[PDB]
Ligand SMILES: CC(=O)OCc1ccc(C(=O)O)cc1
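Encoded as structure tokens, the following chain is the form solved without the named molecule, with no partner shown.
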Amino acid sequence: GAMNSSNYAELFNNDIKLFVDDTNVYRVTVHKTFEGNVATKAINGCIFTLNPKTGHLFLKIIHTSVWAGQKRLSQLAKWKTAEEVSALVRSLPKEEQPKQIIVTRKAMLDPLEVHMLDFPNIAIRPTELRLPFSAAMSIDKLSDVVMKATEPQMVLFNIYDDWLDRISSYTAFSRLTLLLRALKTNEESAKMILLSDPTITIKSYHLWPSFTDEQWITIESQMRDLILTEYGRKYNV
């Protein structure tokens, strides 16, 4: 059923599973029209489809042309998401197809279930975790590839870089969710933390800086401080 704190280690077992986050599929800027009315302008979006065990992020970039001439775009966005996830599963070899797909928002359940009727053995599940995957567009290289796209395109990222050489997938996921929660709560501060020191670089083929184990502990502590700080600043505590 629903994925929560009670069954959190299930994410890192050997049953293939994918998280699907649709929070950046339909993105707009709201602005005033010459007549003083309000209108939206869409910008490129993305589906965030992640294997939490391996770190594989199947980033389908959603080009603004997919919305041209369409109505009820927030509803269409959920069905477009489900169509693209179903197309991804069908493109994978059988032994690579997930056994479960966990959606981060419950409104994706029915669209994905209907698109996956051909796959009765793949379980479509909600989660009670509040995962910070919306912040994926705060990762510079992911944001860059989405905004530059001129056509629909699938970008193939490992969101853990090489961390699994040194840590388990439970620890890697915890690090990712901490980084993304921080970027979501105060993006400027979070990015200052990650890049303050010019001697720690991001490899061309990575998303995050090449921190030593000791520097990651420092970094991780700074992100928790930031999150607690903002939680004070926010609630005044």
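Don't overthink the numbering: it's just position in the shown sequence, from 1. Heads up, when I say rigid core I mean the largest set of C-alphas that superpose within 1.5 Å between the two forms.
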query	finding
RMS CA shift, core-fitted in 9 other deposited structures of this protein, bigger for 31-39 or for 190-198	31-39
Between stretches 45-53 and 22-30, more displaced by Cα RMS in 9 other deposited structures of this protein (rigid core superposition)	22-30
177-185 versus 192-200 - which carries the larger mean C-alpha B factor in the record	192-200
41-49 set against 207-215, stretch whose average Cα temperature factor tops the other in the entry	207-215
Selection from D110, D162, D118, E84 [criterion: highest C-alpha temperature factor in the record]	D118
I16, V20, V25, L228, ranked by C-alpha B-factor: the highest one	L228
Chain thirds of CA B-factor: placement of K78	lowest
Cα B factor band for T33 (lowest, middle or highest third within the chain)	highest
Chain-wide C-alpha B factor ranking for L129, given as lowest, middle or highest third	highest
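Keep in mind that the form solved in complex with the named molecule is missing from the display, and what follows is about it.
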property	result
Accessibility of shown form to the named molecule in the deposited complex, site-C-alpha superposition, 2.4 Å backbone/C-beta rule	blocked
Selected contact from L129, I122, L109, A149, since only one has a non-hydrogen atom within 4.5 angstroms of the named molecule in the deposited complex	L129
